[PDB]
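**Student:** The structure follows.
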Amino acid sequence: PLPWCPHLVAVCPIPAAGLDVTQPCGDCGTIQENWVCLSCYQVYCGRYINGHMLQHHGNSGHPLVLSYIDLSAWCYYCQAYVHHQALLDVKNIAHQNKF
Ligand SMILES: CC(=O)Nc1nc(C)cs1
Ligand code: NA
Ligand SMILES: [Zn+2]
Ligand SMILES: [Zn+2]
Ligand SMILES: [Zn+2]
């Protein structure tokens with residue numbers, strides 16, 4: 001995994017509403033393998049379900065998403081996982097809600 005990427009600048013402030021790691025996909029309603037977008041905080045399913053987060057990346061350009069299965073952060077441009085200080089606050093809020 002990368003220690004930085006050029007798309008970290010698109011990570012936006014965490015909503016005052018917080019995160020819900022059990023939130024369903026906004027398109028198909030599945031609860032199975034969802035991601036949250038770190039730009040606008042919408043929730044959509046992974047590529048092995050119905051591919052709605054990949055569709056969201058295509059229609060918005062938003063780069064970075066966080067997994068509600070394992071708290072990994074993926075960049076669709078770099079095609080890599082990313083670790084950086086800028087991601088710690090959102091990962092810690094998700095960890096508290098999940099566990
Ligand atoms: C490591 C890995 O593949 N994690 C994934 N998390 C989701 C939500 C889909 S795939
Ligand atoms: Na599928
Ligand atoms: Zn879906
Ligand atoms: Zn987005
Ligand atoms: Zn990137």
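Residues in the structure tokens are numbered from 1 in each chain, the chains being A, B, ... in the order shown, and ligands are numbered from 1 in the order shown.
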Determine, using only C-alpha atoms and all ligand atoms, which residues of chain A have any atom at most 6 Å from an atom of ligand 2, and tabulate each with its shortest atom pair and distance in Å to one decimal place, rows ordered by chain and then rising number, as JSON lines.
**Tutor:**
```
{"residue": "A:48", "atom": "CA", "partner": "ligand 2", "partner_atom_place_in_ligand_line": "1 (Na)", "distance": 4.2}
{"residue": "A:49", "atom": "CA", "partner": "ligand 2", "partner_atom_place_in_ligand_line": "1 (Na)", "distance": 3.8}
{"residue": "A:50", "atom": "CA", "partner": "ligand 2", "partner_atom_place_in_ligand_line": "1 (Na)", "distance": 5.2}
```
**Student:** Within 7 Å of ligand 4, counting only C-alpha atoms and all ligand atoms, which protein or nucleic acid residues do you find, written as a PyMOL selection string?
**Tutor:** chain A and resi 37-42+56-57+60+62
**Student:** If you keep N, CA and C atoms, can you produce a file of those selected residues as an mmCIF file, in the first residue's frame?
**Tutor:**
```
data_model
loop_
_atom_site.group_PDB
_atom_site.id
_atom_site.type_symbol
_atom_site.label_atom_id
_atom_site.label_comp_id
_atom_site.auth_asym_id
_atom_site.auth_seq_id
_atom_site.Cartn_x
_atom_site.Cartn_y
_atom_site.Cartn_z
ATOM 1 N N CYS A 37 -18.021 6.778 0.071
ATOM 2 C CA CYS A 37 -17.187 7.719 -0.695
ATOM 3 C C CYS A 37 -16.641 8.813 0.248
ATOM 4 N N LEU A 38 -15.315 9.035 0.227
ATOM 5 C CA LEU A 38 -14.675 10.016 1.125
ATOM 6 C C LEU A 38 -14.750 11.459 0.641
ATOM 7 N N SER A 39 -15.396 11.686 -0.518
ATOM 8 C CA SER A 39 -15.727 13.049 -0.979
ATOM 9 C C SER A 39 -17.131 13.481 -0.559
ATOM 10 N N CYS A 40 -18.183 12.693 -0.855
ATOM 11 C CA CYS A 40 -19.570 13.143 -0.548
ATOM 12 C C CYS A 40 -20.361 12.194 0.395
ATOM 13 N N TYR A 41 -19.707 11.120 0.886
ATOM 14 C CA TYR A 41 -20.265 10.292 1.980
ATOM 15 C C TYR A 41 -21.549 9.526 1.611
ATOM 16 N N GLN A 42 -21.763 9.297 0.298
ATOM 17 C CA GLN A 42 -22.759 8.343 -0.193
ATOM 18 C C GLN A 42 -22.188 6.903 -0.103
ATOM 19 N N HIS A 56 -20.497 4.944 -9.375
ATOM 20 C CA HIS A 56 -20.405 6.285 -8.746
ATOM 21 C C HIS A 56 -19.072 6.966 -9.067
ATOM 22 N N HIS A 57 -17.946 6.238 -8.964
ATOM 23 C CA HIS A 57 -16.654 6.818 -9.373
ATOM 24 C C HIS A 57 -16.722 7.321 -10.839
ATOM 25 N N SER A 60 -19.071 10.654 -11.073
ATOM 26 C CA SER A 60 -18.636 11.799 -10.249
ATOM 27 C C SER A 60 -17.153 12.168 -10.392
ATOM 28 N N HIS A 62 -15.072 11.022 -8.207
ATOM 29 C CA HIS A 62 -14.536 11.007 -6.844
ATOM 30 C C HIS A 62 -13.539 9.840 -6.685
#
```
**Student:** Could you list, as an MDAnalysis selection string, every residue within 9 Å of residue 91 of chain A, counting only C-alpha atoms and ignoring same-chain residues fewer than 5 positions away?
**Tutor:** chainID A and resid 66 71:73 96
**Student:** Residues of the last selection are to be written out with C-alpha atoms, as a CSV table (one decimal), in the first residue's frame.
**Tutor:**
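Written out: selection_27.csv:
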```
chain,number,residue,atom,x,y,z
A,66,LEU,CA,-13.5,3.3,2.5
A,71,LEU,CA,-11.7,-0.3,6.8
A,72,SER,CA,-9.2,-0.4,3.8
A,73,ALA,CA,-9.1,2.8,1.6
A,96,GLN,CA,-15.8,2.9,16.8
```
**Student:** Would you please work out which residue, of A:77, A:44, A:99, A:68, is nearest to residue 21 of chain A when using only C-alpha atoms?
**Tutor:**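 Using only C-alpha atoms, residue 21 of chain A sits closest to A:68.
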**Student:** Check which residues fall inside 8 Å of ligand 3 when counting only C-alpha atoms and all ligand atoms, and print them as a PyMOL selection string.
**Tutor:** chain A and resi 25-30+34+44-46+49-53
**Student:** Just want the residues within 12 Å of ligand 5, written as a ChimeraX atom specification, counting only C-alpha atoms and all ligand atoms.
**Tutor:** /A:1-11,61-65,73-84
**Student:** Restrict the selected residues to N, CA, C and O atoms and save them as a CSV table (one decimal), in the first residue's frame.
**Tutor:**
```
chain,number,residue,atom,x,y,z
A,1,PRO,N,0.8,-1.2,0.0
A,1,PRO,CA,0.0,0.0,0.0
A,1,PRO,C,0.8,1.3,0.0
A,1,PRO,O,1.9,1.4,0.6
A,2,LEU,N,0.3,2.3,-0.7
A,2,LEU,CA,1.0,3.6,-0.8
A,2,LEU,C,0.9,4.4,0.5
A,2,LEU,O,-0.1,4.5,1.1
A,3,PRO,N,2.0,5.2,0.8
A,3,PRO,CA,2.0,6.1,2.0
A,3,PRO,C,1.4,7.5,1.7
A,3,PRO,O,1.4,8.3,2.6
A,4,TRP,N,1.0,7.7,0.4
A,4,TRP,CA,0.4,9.0,0.0
A,4,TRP,C,-0.1,8.8,-1.4
A,4,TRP,O,0.3,7.8,-2.1
A,5,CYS,N,-1.1,9.6,-1.8
A,5,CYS,CA,-1.4,9.6,-3.3
A,5,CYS,C,-1.9,11.0,-3.6
A,5,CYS,O,-2.3,11.8,-2.7
A,6,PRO,N,-1.9,11.4,-4.9
A,6,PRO,CA,-2.2,12.7,-5.3
A,6,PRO,C,-3.7,13.1,-5.2
A,6,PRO,O,-4.1,14.3,-5.5
A,7,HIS,N,-4.5,12.2,-4.8
A,7,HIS,CA,-6.0,12.4,-4.7
A,7,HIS,C,-6.5,12.6,-3.2
A,7,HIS,O,-7.7,12.9,-3.0
A,8,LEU,N,-5.6,12.5,-2.2
A,8,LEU,CA,-5.9,12.9,-0.8
A,8,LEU,C,-6.6,14.2,-0.6
A,8,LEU,O,-7.4,14.4,0.3
A,9,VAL,N,-6.2,15.2,-1.5
A,9,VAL,CA,-6.8,16.5,-1.5
A,9,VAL,C,-8.3,16.5,-1.7
A,9,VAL,O,-9.0,17.5,-1.3
A,10,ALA,N,-8.9,15.4,-2.2
A,10,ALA,CA,-10.4,15.3,-2.4
A,10,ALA,C,-11.1,14.7,-1.2
A,10,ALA,O,-12.4,14.6,-1.3
A,11,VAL,N,-10.4,14.3,-0.1
A,11,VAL,CA,-11.1,13.8,1.1
A,11,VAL,C,-11.7,15.0,1.8
A,11,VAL,O,-11.0,16.0,2.2
A,61,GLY,N,-16.3,11.2,-10.7
A,61,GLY,CA,-14.9,11.4,-10.6
A,61,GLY,C,-14.3,11.3,-9.2
A,61,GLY,O,-13.0,11.4,-9.1
A,62,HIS,N,-15.1,11.0,-8.2
A,62,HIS,CA,-14.5,11.0,-6.8
A,62,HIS,C,-13.5,9.8,-6.7
A,62,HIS,O,-13.8,8.7,-7.1
A,63,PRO,N,-12.4,10.1,-6.1
A,63,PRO,CA,-11.2,9.1,-6.2
A,63,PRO,C,-11.2,8.0,-5.1
A,63,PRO,O,-10.8,6.8,-5.5
A,64,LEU,N,-11.5,8.3,-3.9
A,64,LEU,CA,-11.2,7.5,-2.7
A,64,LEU,C,-12.4,7.0,-1.9
A,64,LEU,O,-13.3,7.8,-1.6
A,65,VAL,N,-12.4,5.7,-1.6
A,65,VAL,CA,-13.5,5.0,-0.9
A,65,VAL,C,-13.0,4.2,0.2
A,65,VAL,O,-11.9,3.6,0.1
A,73,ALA,N,-8.8,1.7,2.5
A,73,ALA,CA,-9.1,2.8,1.6
A,73,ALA,C,-8.5,2.6,0.2
A,73,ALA,O,-7.3,2.3,0.1
A,74,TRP,N,-9.3,2.6,-0.8
A,74,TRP,CA,-8.9,2.3,-2.2
A,74,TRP,C,-9.0,3.6,-3.1
A,74,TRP,O,-10.1,4.3,-3.0
A,75,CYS,N,-8.0,3.9,-3.9
A,75,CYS,CA,-8.1,4.9,-4.9
A,75,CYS,C,-8.3,4.3,-6.3
A,75,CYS,O,-7.5,3.5,-6.8
A,76,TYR,N,-9.4,4.7,-7.0
A,76,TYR,CA,-9.7,4.2,-8.3
A,76,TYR,C,-8.8,4.7,-9.4
A,76,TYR,O,-8.6,4.1,-10.5
A,77,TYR,N,-8.1,5.9,-9.2
A,77,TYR,CA,-7.1,6.4,-10.2
A,77,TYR,C,-5.8,5.7,-10.1
A,77,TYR,O,-5.2,5.2,-11.1
A,78,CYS,N,-5.3,5.6,-8.9
A,78,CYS,CA,-4.0,5.0,-8.6
A,78,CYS,C,-4.1,3.4,-8.7
A,78,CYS,O,-3.0,2.8,-8.8
A,79,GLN,N,-5.3,2.9,-8.6
A,79,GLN,CA,-5.5,1.4,-8.5
A,79,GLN,C,-4.6,0.8,-7.4
A,79,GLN,O,-3.9,-0.1,-7.6
A,80,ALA,N,-4.8,1.4,-6.2
A,80,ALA,CA,-3.9,1.0,-5.0
A,80,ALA,C,-4.7,1.3,-3.8
A,80,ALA,O,-5.5,2.3,-3.7
A,81,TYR,N,-4.3,0.6,-2.7
A,81,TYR,CA,-4.7,1.0,-1.3
A,81,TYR,C,-3.8,2.1,-0.8
A,81,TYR,O,-2.6,2.1,-1.2
A,82,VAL,N,-4.3,3.0,0.0
A,82,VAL,CA,-3.5,4.1,0.5
A,82,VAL,C,-3.7,4.2,2.1
A,82,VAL,O,-4.7,3.9,2.6
A,83,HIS,N,-2.5,4.5,2.7
A,83,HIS,CA,-2.4,4.8,4.2
A,83,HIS,C,-1.8,6.2,4.4
A,83,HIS,O,-0.8,6.5,3.8
A,84,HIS,N,-2.5,7.1,5.1
A,84,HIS,CA,-1.9,8.4,5.4
A,84,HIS,C,-2.6,9.0,6.7
A,84,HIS,O,-3.7,8.7,7.0
```
**Student:** Please, which residues of segment 10-58 of chain A, numbered as in this document, come out alpha helix (DSSP H) from DSSP, as a list in words?
**Tutor:** residues 52, 53, 54, 55, 56, 57 and 58 of chain A
**Student:** Which of these, A:97, A:23, A:92, A:67, has the shortest distance to ligand 1 once you count only C-alpha atoms and all ligand atoms?
**Tutor:**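 So, comparing all the options, the nearest one is A:67.
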**Student:** Using only C-alpha atoms, pick whichever of A:54, A:16, A:70, A:43 has the shortest atom-to-atom distance to residue 94 of chain A.
**Tutor:**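 Of A:54, A:16, A:70, A:43, the one nearest residue 94 of chain A, counting only C-alpha atoms, is A:70.
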**Student:** Measuring atom to atom with only C-alpha atoms and all ligand atoms, identify which of A:36, A:69, A:12, A:31 is nearest to ligand 1.
**Tutor:**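 Smallest distance to ligand 1 is found for A:69.
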**Student:** Pick the closest to ligand 1 from A:33, A:59, A:98, A:85: which is it, counting only C-alpha atoms and all ligand atoms?
**Tutor:**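 Looking only at the distances to ligand 1, the closest residue turns out to be A:33.
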**Student:** Out of A:20, A:14, A:58, A:35, which residue has the shortest atom-to-atom distance to residue 95 of chain A when counting only C-alpha atoms?
**Tutor:**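 So, comparing all the options, the nearest one is A:20.
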**Student:** Which residues in segment 46-90 of chain A does DSSP call strand (DSSP E)? List them as JSON, numbers by chain.
**Tutor:** {"A": [64, 65, 66, 67, 73, 74, 75, 80, 81]}
